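**Q** pasting an experimental structure, sequence included:
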Amino acid sequence: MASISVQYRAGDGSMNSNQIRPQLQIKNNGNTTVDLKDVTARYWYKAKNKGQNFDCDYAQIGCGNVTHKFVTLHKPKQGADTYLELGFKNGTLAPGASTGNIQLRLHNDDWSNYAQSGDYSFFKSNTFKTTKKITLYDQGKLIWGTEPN
């Protein structure tokens, strides 16, 4: 019954640099509140069996209220062999409200370059745009977007 979506843009920088820079917002489009602790988001990309590392640079809700982990896929899919899963410690969204910006950076253990063109969830855009390629979940159940096949 919760209805949420994600707005996204890649942070400024080369798609071939040593950092992925997902910038996200989650919006409540429904007529219920949303408890962010129950919400997770997944950004799907290719890490090529390099260890991944996370930074939260800024979030309107406070970086200390965002959680993360990296999950390697059983086997690679087109556009993805891993996802970053974001979660939340606390917070709510009223109908129509947004988290506002969540600005992240990911790097490889060895600080080597990514080539992000192929990544399922990657897109360059001057503006935040709603995307179905970053998926959202309510207690682990898919409620926004489409997972890689």
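**A** Received it, and whenever you're ready, just let me know what you need. Residues are numbered from 1 along each chain as shown.

**Q** and for the nearest residue to residue 64 once chain neighbours are set aside, the neighbour number?
**A** Using CB to CB, 6 or more residues apart in numbering and skipping residues adjacent in sequence, the residue nearest residue 64 is residue 89, 7.6 Å away. Just so you know, the C-beta spots here come from the backbone N, C-alpha and C atoms, and that holds for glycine as well. Around residue 89 sit 12 other residues, with neighbours defined as other CB atoms under 10 Å.

**Q** residue 89 against residue 65, yeah?
**A** Yes: with contact defined as CB atoms under 8 Å, residue 89 counts as touching residue 65 (4.7 Å).

**Q** now do the SS call for the closest residue in space to residue 10 that isn't next to it in sequence.
**A** In space, and not counting its chain neighbours, residue 10 is closest to residue 124: 5.1 Å by CB to CB, 6+ apart. With DSSP: H, G, I helix; E, B strand; the rest coil as the basis, residue 124 sits in coil.

**Q** okay, now residue 124: neighbour count?
**A** Applying other CB under 10 Å, we find 12 residues neighbouring residue 124.

**Q** thought residue 13 was touching it, still the case?
**A** No: the pair residue 124 / residue 13 is not scored as a contact, 9.6 Å apart, by CB under 8 Å.

**Q** returning to what we had before: residues in contact with the residue nearest to residue 10?
**A** Contacts of residue 124 were listed using CB atoms under 8 Å, 6 or more residues apart in numbering, and they are 9, 10, 15.

**Q** among the residues you listed, which ones are in strands?
**A** Of the contacts of residue 124, the ones assigned to strands by DSSP state E are 9, 10.

**Q** element containing the residue nearest the centre of the chain?
**A** Taking CA atoms, centre = their mean, the centroid of the chain lies closest to residue 43, which sits 4.0 Å from it. Per DSSP states H and E, residue 43 falls inside strand 39-45.
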